[PDB]
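Below is one structure, written out as structure tokens, with a few remarks after it.
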There are 2 protein chains.
Amino acid sequence: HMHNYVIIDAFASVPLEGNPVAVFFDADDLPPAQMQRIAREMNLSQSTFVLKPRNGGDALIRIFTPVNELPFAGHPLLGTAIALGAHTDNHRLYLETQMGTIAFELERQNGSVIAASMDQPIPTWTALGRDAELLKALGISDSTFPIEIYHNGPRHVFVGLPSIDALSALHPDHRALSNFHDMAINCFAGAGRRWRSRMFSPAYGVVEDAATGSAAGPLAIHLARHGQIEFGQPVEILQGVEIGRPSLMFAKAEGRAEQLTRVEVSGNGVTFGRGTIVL
Amino acid sequence: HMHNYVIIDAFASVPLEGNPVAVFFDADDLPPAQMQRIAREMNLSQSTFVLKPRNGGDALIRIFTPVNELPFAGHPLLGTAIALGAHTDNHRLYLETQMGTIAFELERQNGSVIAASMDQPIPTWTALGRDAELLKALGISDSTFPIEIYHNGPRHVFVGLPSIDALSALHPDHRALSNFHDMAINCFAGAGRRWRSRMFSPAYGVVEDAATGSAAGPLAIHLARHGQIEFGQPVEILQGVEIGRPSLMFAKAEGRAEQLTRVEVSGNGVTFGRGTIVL
Ligand SMILES: CCO[C@@H]1C=CC=C(C(=O)[O-])[C@H]1[NH3+]
Ligand SMILES: CCO[C@@H]1C=CC=C(C(=O)[O-])[C@H]1[NH3+]
């Protein structure tokens with residue numbers, strides 16, 4: 001009774017950039033309570049567990065924070081797909097989750113998976129309706145674009161800043177942000193294809209997140225809806241620069257606001273470490 | 001350029017109990033900034049790095065949280081000593097730290113180090129002087145014994161409860177506790193040789209700690225000073241039960257309050273995992 005694991009830095013091509021996730025293989029012998037205890041033991045923002053598939057996919061993936069199981073998270077699933085590429089020749093990988101089966105395209109160089117693209121759940125969205133409270137918490141007077149909250153498992157609010165330097169200058173009051181339950185606050189700035197983001201979430205137990213993969217799809221939708229890109233055009237989103245964990249996420253939303261057909265998010269991943277646990 | 005590491009559960013004899021620390025070997029090639037980045041990457045409460053000695057010890061140990069270096073911490077040094085026992089036959093280990101050289105006795109069974117005892121810095125102490133504020137934050141009316149704050153690197157406040165069940169019933173207001181800077185709050189209950197503890201510290205970035213090894217020595221002093229044990233008598237301190245990380249710490253203080261000669265803390269440790277990182 002031992003399990004091998006890898007630590008993947010997701011949305012990075014260099015170790016110690018991007019956002020880490022520990023991926024545990026051959027986890028079918030672990031009861032869920034033990035998966036939870038292991039995720040707590042590692043204390044990474046998420047640990048994932050690779051299980052035999054039950055509905056025709058390649059594998060079933062369970063995602064745990066140190067305190068609870070999650071239905072969906074982008075960077076942990078990206079890292080899981082990249083890690084599993086070391087163990088399959090498949091060009092595509094179908095990972096079963098609580099959101100259904102998530103399709104991944106694996107990208108390789110000489111047998112090593114260096115990147116992947118995923119099709120995300122199509123989000124829903126509406127106005128947050130707490131704008132002055134949120135802006136006060138962030139320390140700014142206004143957003144550029146409408147402050148809207150998106151749902152694809154987790155919930156993501158988007159607040160637009162007028163320049164990248166204004167984004168980097170943010171020093172939010174995290175106590176005030178803690179009154180925004182069950183959501184993450186994503187502040188963004190940029191133009192055209194290239195955007196910068198910073199994510200803050202007391203609700204999700206993070207002062208500032210390096211790479212919020214489940215926010216990248218919704219941000220592409222947000223930018224297309226508010227006229228900064230078209231549906232069908234990709235954006236490059238660079239997150240985590242200010243905290244020294246630069247993370248590059250690519251995202252594209254196809255269709256139109258009223259009839260979205262696909263939400264794609266991709267990025268590189270690199271192995272930081274590999275190990276074995278004693279149970 | 002790779003480094004091996006182990007995850008040791010300190011103050012435990014069973015994996016997933018006690019308090020984890022990652023121990024990185026052969027770290028002399030790592031600049032301190034990189035040690036800090038690695039400790040952040042792992043996100044364990046502490047990671048330690050094993051370096052060549054500079055003042056006649058066996059090794060020099062650097063202790064990092066995800067955000068800063070620490071001069072002293074008990075469970076990380078305990079785990080480091082136990083981990084290093086896999087690589088030496090020595091009965092005693094002298095580990096250089098910012099507090100000076102810390103002497104460890106290693107305890108083995110068939111070549112495996114299963115426990116260790118350390119001589120801790122002798123603490124200083126005084127009344128906290130914020131009793132009503134602290135008791136309000138904890139949700140209780142009074143302490144049994146004087147509320148005093150001890151210093152041996154970190155700072156530890158001790159608040160006594162009238163029964164173990166009263167200790168387990170505590171649900172502190174962690175926002176109110178956050179006004180207690182640069183210290184940990186240790187609540188305790190028990191009798192004779194056997195004590196229970198719970199530690200809370202927003203200042204040290206933990207809602208509730210499993211095993212606060214640097215608090216065990218000061219608690220023995222506290223109990224001897226306030227007449228519950230004698231100087232020279234050991235106590236058993238069980239921490240972390242309520243959070244499912246039961247941790248057993250043993251402590252003894254020799255001398256008298258005005259002239260302490262030794263503060264000893266010991267416990268078991270077990271390997272949870274072993275790995276290698278790519279830099
Ligand atoms: C600790 C915060 O972790 C985030 C929580 C929910 C969604 C994520 C993601 O989608 O990558 C995570 N990055
Ligand atoms: C995250 C909190 O970690 C504690 C910090 C300071 C001292 C410790 C110890 O002495 O074992 C640590 N347990």
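Identifiers in the structure tokens: chain A, B, ... in order shown; residue index from 1 per chain; ligand index from 1 in order shown.
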request  = Could you give me, as a PyMOL selection string, every polymer residue with an atom at most 10 Å away from an atom of ligand 1, counting only C-alpha atoms and all ligand atoms?
outcome  = chain A and resi 10-11+19-21+44-46+64-66+70-79+152-156+182-184+199-217
task = Could you list, as a PyMOL selection string, the residues of chain A having an atom within 7 Å of chain B when counting only C-alpha atoms?
result = chain A and resi 16+20+37+41-44+272-278
How would the residues just picked look written out with N, CA, C and O atoms as a CSV table (one decimal), in the first residue's frame?
chain,number,residue,atom,x,y,z
A,16,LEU,N,8.7,26.2,-10.4
A,16,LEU,CA,8.5,27.3,-9.4
A,16,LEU,C,7.8,28.5,-10.0
A,16,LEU,O,7.6,29.5,-9.3
A,20,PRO,N,1.1,25.1,-8.3
A,20,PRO,CA,1.3,23.6,-8.1
A,20,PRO,C,0.0,22.9,-7.8
A,20,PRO,O,-0.9,23.4,-7.2
A,37,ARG,N,-7.5,13.2,3.9
A,37,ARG,CA,-6.5,13.4,4.8
A,37,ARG,C,-5.1,13.6,4.1
A,37,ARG,O,-4.3,14.3,4.6
A,41,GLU,N,-2.6,16.6,4.4
A,41,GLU,CA,-1.2,16.4,4.7
A,41,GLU,C,-0.3,17.2,3.8
A,41,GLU,O,0.7,17.8,4.2
A,42,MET,N,-0.6,17.1,2.5
A,42,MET,CA,0.3,17.8,1.5
A,42,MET,C,0.2,19.3,1.7
A,42,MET,O,1.1,20.1,1.4
A,43,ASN,N,-1.0,19.8,2.0
A,43,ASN,CA,-1.4,21.2,2.2
A,43,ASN,C,-1.2,22.1,0.9
A,43,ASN,O,-1.2,23.3,1.0
A,44,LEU,N,-1.1,21.4,-0.2
A,44,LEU,CA,-1.2,22.2,-1.5
A,44,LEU,C,-2.6,22.7,-1.7
A,44,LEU,O,-3.6,22.1,-1.2
A,272,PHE,N,7.6,19.6,-11.1
A,272,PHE,CA,8.5,20.1,-10.0
A,272,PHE,C,9.1,19.0,-9.2
A,272,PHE,O,10.3,19.1,-8.8
A,273,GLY,N,8.4,18.0,-8.9
A,273,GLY,CA,8.9,16.9,-8.1
A,273,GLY,C,8.0,15.6,-8.3
A,273,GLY,O,7.0,15.6,-8.9
A,274,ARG,N,8.6,14.5,-7.8
A,274,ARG,CA,8.0,13.2,-7.9
A,274,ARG,C,8.3,12.5,-6.6
A,274,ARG,O,9.4,12.6,-6.0
A,275,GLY,N,7.4,11.7,-6.1
A,275,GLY,CA,7.6,11.0,-4.9
A,275,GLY,C,6.7,9.8,-4.7
A,275,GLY,O,5.9,9.5,-5.6
A,276,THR,N,6.8,9.2,-3.5
A,276,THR,CA,6.0,8.1,-3.1
A,276,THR,C,5.6,8.3,-1.6
A,276,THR,O,6.4,8.7,-0.8
A,277,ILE,N,4.3,8.0,-1.3
A,277,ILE,CA,3.9,8.0,0.0
A,277,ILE,C,3.6,6.6,0.5
A,277,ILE,O,3.5,5.7,-0.2
A,278,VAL,N,3.7,6.5,1.9
A,278,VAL,CA,3.7,5.2,2.5
A,278,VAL,C,2.4,4.5,2.7
A,278,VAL,O,2.3,3.4,3.3
ask   = For the atom pair atom CA of residue 237 of chain B and atom CA of residue 188 of chain B, what is the interatomic distance in Å to one decimal place?
value = 8.9 Å
request  = Name the residues of segment 62-253 of chain B that fall into strand (DSSP E) according to DSSP on the backbone, using the chain letters and numbers of this document, as a PyMOL selection string.
outcome  = chain B and resi 62-64+69-70+92-97+100-109+112-119+124-127+148-151+155-160+184-191+194-201+206-209+235-239+247-253
message = as a VMD selection string, please: the residues near residue 264 of chain B (cut-off 8 Å, only C-alpha atoms, same-chain neighbours under 2 positions excluded).
response = chain B and resid 117 to 120 217 251 to 253 262 266
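The space between atom CA of residue 170 of chain A and atom CA of residue 174 of chain B spans 25.1 Å.
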query = atom CA of residue 110 of chain B to atom 8 (C, counted along the ligand's line) of ligand 2: how many Å, to one decimal?
reply = 29.5 Å
Could you give me, as CSV, every segment 44-153 of chain A residue with an atom at most 10 Å from segment 257-261 of chain A, plus its closest atom pair and distance in Å to one decimal, counting only C-alpha atoms, rows ordered by chain then number?
residue,atom,partner,partner_atom,distance
A:122,CA,A:260,CA,7.2
A:123,CA,A:260,CA,9.2
A:124,CA,A:257,CA,9.9
task = Considering only C-alpha atoms, return as a PyMOL selection string whatever protein or nucleic-acid residues lie within 8 Å of residue 196 of chain B, sequence-local ones (same chain, fewer than 6 positions apart) excluded.
result = chain B and resi 164+188-190+237-239
inquiry  = With distances taken over only C-alpha atoms and all ligand atoms, which residue among B:240, B:227, B:192, B:32 lies nearest ligand 2?
reply    = B:240
